[PDB]
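Coming up is one lone chain in C-alpha coordinates, specifically the form solved without 3-methyl-2H-furo[2,3-c]pyran-2-one (KKN).
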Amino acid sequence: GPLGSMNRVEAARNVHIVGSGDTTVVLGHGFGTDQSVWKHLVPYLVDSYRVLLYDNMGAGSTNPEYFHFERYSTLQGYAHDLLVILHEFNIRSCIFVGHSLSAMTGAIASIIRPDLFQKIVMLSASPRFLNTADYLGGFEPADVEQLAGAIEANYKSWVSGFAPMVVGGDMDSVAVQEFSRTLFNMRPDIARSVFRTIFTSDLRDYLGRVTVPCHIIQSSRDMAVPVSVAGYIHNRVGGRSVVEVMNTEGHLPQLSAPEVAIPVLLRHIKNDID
(Lines give C-alpha, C1' and ligand atoms only; values in the text may rest on other atoms or scores of the structure.)
Protein backbone atom coordinates (compact mmCIF):
# COMPACT_ATOMS: atom_id res chain seq x y z
CA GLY A 1 0.00 0.00 0.00
CA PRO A 2 0.84 3.75 -0.22
CA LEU A 3 1.49 4.17 3.56
CA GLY A 4 4.35 1.61 3.47
CA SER A 5 5.22 -2.08 3.75
CA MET A 6 2.26 -4.31 4.75
CA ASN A 7 3.60 -5.62 8.09
CA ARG A 8 1.20 -8.48 8.79
CA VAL A 9 3.37 -10.19 11.50
CA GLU A 10 3.56 -6.89 13.41
CA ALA A 11 -0.25 -6.68 13.14
CA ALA A 12 -0.81 -10.22 14.55
CA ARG A 13 1.31 -9.53 17.67
CA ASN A 14 -0.08 -6.01 18.29
CA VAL A 15 2.79 -5.07 20.57
CA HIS A 16 1.84 -2.20 22.92
CA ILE A 17 4.10 -0.38 25.35
CA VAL A 18 3.04 1.67 28.39
CA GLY A 19 4.88 3.01 31.46
CA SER A 20 8.57 3.53 32.05
CA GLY A 21 11.54 2.37 34.14
CA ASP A 22 14.89 0.55 34.06
CA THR A 23 13.16 -2.85 33.84
CA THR A 24 10.67 -4.04 31.27
CA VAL A 25 7.77 -6.30 32.30
CA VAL A 26 6.57 -8.41 29.35
CA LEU A 27 3.00 -9.73 29.69
CA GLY A 28 1.85 -12.81 27.74
CA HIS A 29 -1.74 -14.10 27.72
CA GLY A 30 -3.39 -17.52 27.50
CA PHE A 31 -5.70 -19.17 24.98
CA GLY A 32 -9.04 -17.38 24.31
CA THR A 33 -8.15 -13.97 25.77
CA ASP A 34 -5.75 -11.20 24.69
CA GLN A 35 -3.55 -8.46 26.22
CA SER A 36 -6.71 -6.90 27.81
CA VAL A 37 -6.69 -9.76 30.36
CA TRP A 38 -4.00 -7.71 32.18
CA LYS A 39 -6.27 -4.58 32.56
CA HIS A 40 -6.20 -4.82 36.38
CA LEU A 41 -2.43 -5.45 36.65
CA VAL A 42 -1.06 -2.83 34.23
CA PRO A 43 -2.14 0.34 36.20
CA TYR A 44 -0.02 -0.86 39.17
CA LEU A 45 3.14 -1.48 37.06
CA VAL A 46 3.47 1.65 34.91
CA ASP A 47 4.97 3.85 37.71
CA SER A 48 8.04 1.60 38.05
CA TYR A 49 8.29 -0.50 34.89
CA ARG A 50 8.05 -0.27 31.19
CA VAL A 51 5.35 -2.76 30.25
CA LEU A 52 5.28 -4.60 26.94
CA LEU A 53 2.04 -6.39 26.03
CA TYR A 54 1.40 -8.58 22.99
CA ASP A 55 -1.26 -10.85 21.57
CA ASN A 56 -0.75 -14.51 20.60
CA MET A 57 -2.46 -17.91 20.16
CA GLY A 58 -4.70 -16.58 17.35
CA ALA A 59 -6.04 -13.56 19.28
CA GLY A 60 -7.78 -10.90 17.22
CA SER A 61 -7.80 -13.18 14.17
CA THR A 62 -11.24 -11.87 12.98
CA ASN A 63 -9.43 -8.61 12.13
CA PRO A 64 -9.30 -9.14 8.28
CA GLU A 65 -5.62 -7.95 8.12
CA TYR A 66 -4.59 -10.79 10.51
CA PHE A 67 -2.70 -13.65 8.81
CA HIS A 68 -2.09 -16.92 10.70
CA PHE A 69 1.61 -17.35 9.92
CA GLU A 70 3.16 -20.81 9.72
CA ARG A 71 5.34 -20.15 12.83
CA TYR A 72 2.14 -20.18 14.89
CA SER A 73 1.48 -23.90 14.17
CA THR A 74 3.43 -24.89 17.37
CA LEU A 75 4.24 -23.53 20.82
CA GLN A 76 7.92 -23.64 19.84
CA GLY A 77 7.03 -21.21 17.04
CA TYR A 78 5.36 -18.89 19.55
CA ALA A 79 8.52 -19.12 21.67
CA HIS A 80 10.66 -18.22 18.63
CA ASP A 81 8.35 -15.29 17.86
CA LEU A 82 8.65 -14.06 21.46
CA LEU A 83 12.44 -13.98 21.06
CA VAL A 84 12.04 -11.94 17.85
CA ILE A 85 9.79 -9.48 19.77
CA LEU A 86 12.41 -9.16 22.50
CA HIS A 87 15.08 -8.47 19.87
CA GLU A 88 13.04 -5.96 17.82
CA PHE A 89 11.91 -4.00 20.89
CA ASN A 90 15.45 -3.82 22.32
CA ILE A 91 14.70 -5.75 25.49
CA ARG A 92 18.09 -6.52 27.07
CA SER A 93 16.51 -8.03 30.19
CA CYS A 94 12.86 -8.47 31.26
CA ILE A 95 10.47 -9.79 33.88
CA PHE A 96 8.31 -12.16 31.89
CA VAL A 97 4.77 -12.72 33.17
CA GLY A 98 3.08 -15.60 31.36
CA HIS A 99 -0.54 -16.63 31.78
CA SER A 100 -1.50 -20.24 31.01
CA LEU A 101 0.60 -21.67 28.08
CA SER A 102 2.34 -18.32 27.54
CA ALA A 103 4.20 -19.26 30.78
CA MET A 104 5.58 -22.21 28.84
CA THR A 105 6.35 -20.20 25.69
CA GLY A 106 8.34 -17.88 28.00
CA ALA A 107 10.04 -20.90 29.61
CA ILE A 108 11.03 -22.35 26.20
CA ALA A 109 12.32 -18.96 25.04
CA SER A 110 14.34 -18.56 28.26
CA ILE A 111 16.24 -21.81 27.61
CA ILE A 112 17.52 -20.18 24.37
CA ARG A 113 18.14 -16.64 25.69
CA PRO A 114 18.36 -16.90 29.51
CA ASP A 115 20.25 -13.55 29.46
CA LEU A 116 16.99 -11.84 28.32
CA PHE A 117 14.90 -13.07 31.30
CA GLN A 118 15.49 -11.75 34.81
CA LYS A 119 12.70 -14.11 35.92
CA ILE A 120 9.52 -15.75 34.81
CA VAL A 121 6.28 -15.21 36.70
CA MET A 122 3.90 -18.02 35.72
CA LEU A 123 0.14 -17.60 36.23
CA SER A 124 -2.17 -20.60 35.81
CA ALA A 125 0.65 -22.50 34.03
CA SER A 126 0.67 -26.13 32.98
CA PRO A 127 3.31 -28.03 31.04
CA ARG A 128 0.60 -30.52 29.76
CA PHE A 129 -3.17 -30.84 30.21
CA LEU A 130 -3.67 -34.51 29.26
CA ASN A 131 -3.02 -37.14 31.95
CA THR A 132 -0.64 -40.08 31.63
CA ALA A 133 -0.54 -43.14 33.92
CA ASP A 134 2.03 -41.24 36.02
CA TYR A 135 1.16 -37.54 35.46
CA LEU A 136 -1.96 -35.63 36.52
CA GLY A 137 -2.58 -32.77 34.08
CA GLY A 138 -6.32 -32.64 34.99
CA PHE A 139 -7.80 -34.12 31.77
CA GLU A 140 -8.64 -37.64 30.63
CA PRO A 141 -9.25 -38.11 26.89
CA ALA A 142 -13.03 -37.93 27.50
CA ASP A 143 -12.57 -34.49 29.13
CA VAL A 144 -10.53 -33.13 26.21
CA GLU A 145 -13.11 -34.33 23.68
CA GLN A 146 -15.98 -32.96 25.80
CA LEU A 147 -14.22 -29.56 26.20
CA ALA A 148 -13.64 -29.42 22.43
CA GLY A 149 -17.41 -30.02 21.93
CA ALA A 150 -18.97 -27.86 19.20
CA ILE A 151 -15.83 -25.74 18.52
CA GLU A 152 -15.96 -26.34 14.74
CA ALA A 153 -19.65 -27.41 14.43
CA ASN A 154 -20.99 -24.26 16.06
CA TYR A 155 -18.41 -21.78 17.38
CA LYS A 156 -21.03 -19.46 18.92
CA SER A 157 -22.50 -22.39 20.85
CA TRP A 158 -19.07 -23.69 21.95
CA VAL A 159 -18.06 -20.24 23.30
CA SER A 160 -21.17 -19.95 25.54
CA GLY A 161 -20.26 -23.36 27.02
CA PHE A 162 -16.47 -22.90 27.08
CA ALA A 163 -16.13 -19.41 28.57
CA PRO A 164 -17.97 -19.96 31.90
CA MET A 165 -16.22 -23.31 32.45
CA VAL A 166 -12.67 -21.93 32.06
CA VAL A 167 -13.27 -18.63 33.91
CA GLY A 168 -15.25 -20.25 36.76
CA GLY A 169 -17.92 -18.40 38.77
CA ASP A 170 -21.17 -17.17 37.18
CA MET A 171 -22.02 -16.71 33.47
CA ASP A 172 -23.07 -13.02 33.60
CA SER A 173 -19.84 -11.86 35.32
CA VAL A 174 -17.69 -9.22 33.63
CA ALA A 175 -14.91 -11.87 33.38
CA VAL A 176 -17.00 -14.44 31.44
CA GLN A 177 -18.30 -11.65 29.17
CA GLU A 178 -14.74 -10.44 28.63
CA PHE A 179 -13.51 -13.97 27.82
CA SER A 180 -16.50 -14.54 25.50
CA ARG A 181 -15.78 -11.22 23.84
CA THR A 182 -12.12 -12.17 23.17
CA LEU A 183 -13.11 -15.66 21.94
CA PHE A 184 -15.35 -13.94 19.34
CA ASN A 185 -12.39 -11.89 18.15
CA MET A 186 -10.88 -15.28 17.00
CA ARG A 187 -11.58 -16.82 13.55
CA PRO A 188 -13.22 -20.19 14.43
CA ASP A 189 -10.78 -22.26 12.26
CA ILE A 190 -7.83 -20.59 14.01
CA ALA A 191 -9.41 -21.16 17.43
CA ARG A 192 -9.81 -24.82 16.46
CA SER A 193 -6.20 -25.32 15.27
CA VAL A 194 -4.73 -23.48 18.30
CA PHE A 195 -7.04 -25.46 20.62
CA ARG A 196 -5.63 -28.68 19.18
CA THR A 197 -2.03 -27.37 19.54
CA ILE A 198 -2.75 -26.44 23.20
CA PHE A 199 -4.21 -29.83 24.09
CA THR A 200 -1.61 -31.95 22.29
CA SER A 201 1.44 -29.94 23.50
CA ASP A 202 3.69 -31.66 26.03
CA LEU A 203 6.37 -29.38 27.45
CA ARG A 204 7.34 -31.37 30.54
CA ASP A 205 10.78 -32.23 29.04
CA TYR A 206 11.71 -28.56 28.87
CA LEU A 207 11.36 -27.85 32.62
CA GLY A 208 14.77 -29.20 33.71
CA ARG A 209 16.55 -26.94 31.18
CA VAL A 210 14.93 -23.78 32.64
CA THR A 211 17.51 -21.90 34.74
CA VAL A 212 16.05 -18.44 35.33
CA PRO A 213 14.08 -17.89 38.54
CA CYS A 214 10.42 -19.00 38.25
CA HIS A 215 7.56 -17.70 40.42
CA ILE A 216 4.73 -20.19 40.12
CA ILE A 217 1.27 -18.82 40.90
CA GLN A 218 -2.16 -20.34 40.40
CA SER A 219 -5.73 -20.50 41.68
CA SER A 220 -6.43 -23.33 44.14
CA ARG A 221 -9.64 -24.05 42.17
CA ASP A 222 -8.71 -23.99 38.47
CA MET A 223 -10.61 -26.51 36.26
CA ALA A 224 -7.70 -26.60 33.79
CA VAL A 225 -4.83 -26.79 36.34
CA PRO A 226 -4.84 -29.11 39.38
CA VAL A 227 -3.07 -27.66 42.46
CA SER A 228 -0.41 -30.35 42.15
CA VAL A 229 0.79 -28.87 38.78
CA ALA A 230 2.42 -25.86 40.53
CA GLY A 231 4.49 -28.21 42.73
CA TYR A 232 5.32 -30.36 39.69
CA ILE A 233 6.85 -27.31 37.95
CA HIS A 234 8.61 -26.25 41.18
CA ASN A 235 10.24 -29.71 41.62
CA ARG A 236 11.48 -29.91 38.02
CA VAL A 237 12.79 -26.49 37.01
CA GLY A 238 16.57 -26.25 36.88
CA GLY A 239 16.93 -22.85 38.64
CA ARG A 240 15.44 -21.03 41.64
CA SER A 241 11.69 -21.24 42.16
CA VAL A 242 8.80 -20.48 44.51
CA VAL A 243 5.11 -21.47 44.53
CA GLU A 244 2.11 -19.46 45.63
CA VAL A 245 -1.29 -21.11 45.39
CA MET A 246 -4.04 -18.51 45.79
CA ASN A 247 -7.37 -19.06 47.49
CA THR A 248 -9.21 -18.13 44.28
CA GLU A 249 -11.27 -19.90 41.63
CA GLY A 250 -10.68 -19.78 37.92
CA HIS A 251 -8.14 -20.04 35.14
CA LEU A 252 -8.06 -16.22 34.67
CA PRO A 253 -7.84 -14.93 38.28
CA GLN A 254 -6.13 -11.67 37.22
CA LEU A 255 -9.42 -10.82 35.43
CA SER A 256 -11.96 -12.54 37.71
CA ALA A 257 -10.39 -12.08 41.19
CA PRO A 258 -8.11 -9.04 40.88
CA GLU A 259 -8.61 -8.11 44.55
CA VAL A 260 -6.72 -11.32 45.45
CA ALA A 261 -4.56 -12.01 42.36
CA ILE A 262 -3.11 -8.54 41.66
CA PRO A 263 -1.43 -8.13 45.04
CA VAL A 264 0.09 -11.63 44.71
CA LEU A 265 1.32 -10.94 41.16
CA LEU A 266 2.87 -7.61 42.26
CA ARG A 267 4.75 -9.23 45.15
CA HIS A 268 6.29 -11.82 42.82
CA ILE A 269 7.17 -9.25 40.15
CA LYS A 270 8.78 -6.80 42.59
CA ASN A 271 10.63 -9.25 44.93
CA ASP A 272 13.37 -11.68 44.03
CA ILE A 273 13.92 -15.27 45.24
CA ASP A 274 17.07 -15.29 47.45
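Residue indices: 1-based, along the sequence shown.
S.K.: Once you work out the mean C-alpha B-factor for both 151 to 159 and 130 to 138 from the entry, which is higher?
M.R.: The stretch with the larger mean CA B-factor is 151 to 159.
S.K.: Going by the B-factors listed in the PDB entry, is the mean over the C-alpha atoms higher for 39 to 47 or for 54 to 62?
M.R.: Looking at the recorded C-alpha B-factors, 54 to 62 comes out higher on average.
S.K.: From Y206, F69, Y232, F31, can you pick the one with the highest C-alpha B factor in the entry?
M.R.: In the PDB entry, the greatest C-alpha B-factor among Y206, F69, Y232, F31 is found at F69.
S.K.: In terms of recorded Cα temperature factor, pick the maximum from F184, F199, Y78, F96.
M.R.: So the option with the highest C-alpha B-factor is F184.
S.K.: Looking at the temperature factor on the CA atom of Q218, which third of the chain's modelled residues does it land in?
M.R.: CA B-factor rank for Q218: lowest third.
S.K.: For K270, does the deposited CA B-factor place it in the lowest, middle or highest third of the chain?
M.R.: Ranked within chain, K270 CA B lands in the middle tercile.
S.K.: Quick one: classify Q177 as lowest, middle or highest third of the chain based on its Cα B-factor.
M.R.: CA B-factor rank for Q177: highest third.
S.K.: Considering every modelled residue of the chain and its Cα B-factor in the PDB entry, is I91 in the lowest, middle or highest third?
M.R.: For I91, the deposited C-alpha B-factor lands in the highest third.
S.K.: Where does the C-alpha B-factor of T105 rank in its chain, lowest, middle or highest third?
M.R.: Lowest third of the chain for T105's C-alpha B-factor.
The form deposited with 3-methyl-2H-furo[2,3-c]pyran-2-one (KKN) bound is left out here; the points below concern that form.
S.K.: Pick from 201 to 209, 241 to 249, 218 to 226, 38 to 46: which stretch has non-hydrogen atoms within 4.5 Å of 3-methyl-2H-furo[2,3-c]pyran-2-one (KKN) in the bound PDB entry?
M.R.: Going by heavy atoms within 4.5 Å, the stretch is 218 to 226.
S.K.: Of the options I190, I91, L130, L147, which one has a non-hydrogen atom that comes within 4.5 Å of 3-methyl-2H-furo[2,3-c]pyran-2-one (KKN) in the bound PDB entry?
M.R.: None of the others qualify; the residue that does is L147.
S.K.: Note which of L101, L82, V97, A107 lies within 4.5 Å of 3-methyl-2H-furo[2,3-c]pyran-2-one (KKN) in the bound PDB entry, where distance is taken over heavy atoms; exactly one does.
M.R.: The option sitting close enough to the partner is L101.
S.K.: With the partner left out of view, is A175 within 4.5 angstroms of 3-methyl-2H-furo[2,3-c]pyran-2-one (KKN) in the bound PDB entry by any non-hydrogen atom?
M.R.: Contact check for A175: no, nothing within 4.5 Å of 3-methyl-2H-furo[2,3-c]pyran-2-one (KKN) in the bound PDB entry.
S.K.: Can you tell me if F195 lies within 4.5 angstroms of 3-methyl-2H-furo[2,3-c]pyran-2-one (KKN) in the bound PDB entry, counting non-hydrogen atoms only?
M.R.: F195: yes, in contact with 3-methyl-2H-furo[2,3-c]pyran-2-one (KKN) in the bound PDB entry.
S.K.: If you check in the bound PDB entry, is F31 within 4.5 Å of 3-methyl-2H-furo[2,3-c]pyran-2-one (KKN), heavy atoms only?
M.R.: Yes.
S.K.: Looking in the bound PDB entry, any heavy atom of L86 within 4.5 Å of 3-methyl-2H-furo[2,3-c]pyran-2-one (KKN)?
M.R.: Residue-level check for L86: no, no contact with 3-methyl-2H-furo[2,3-c]pyran-2-one (KKN).
S.K.: Out of 149 to 163, which residues reach within 4.5 Å of 3-methyl-2H-furo[2,3-c]pyran-2-one (KKN) in the bound PDB entry, heavy atoms considered?
M.R.: Result: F162 alone.
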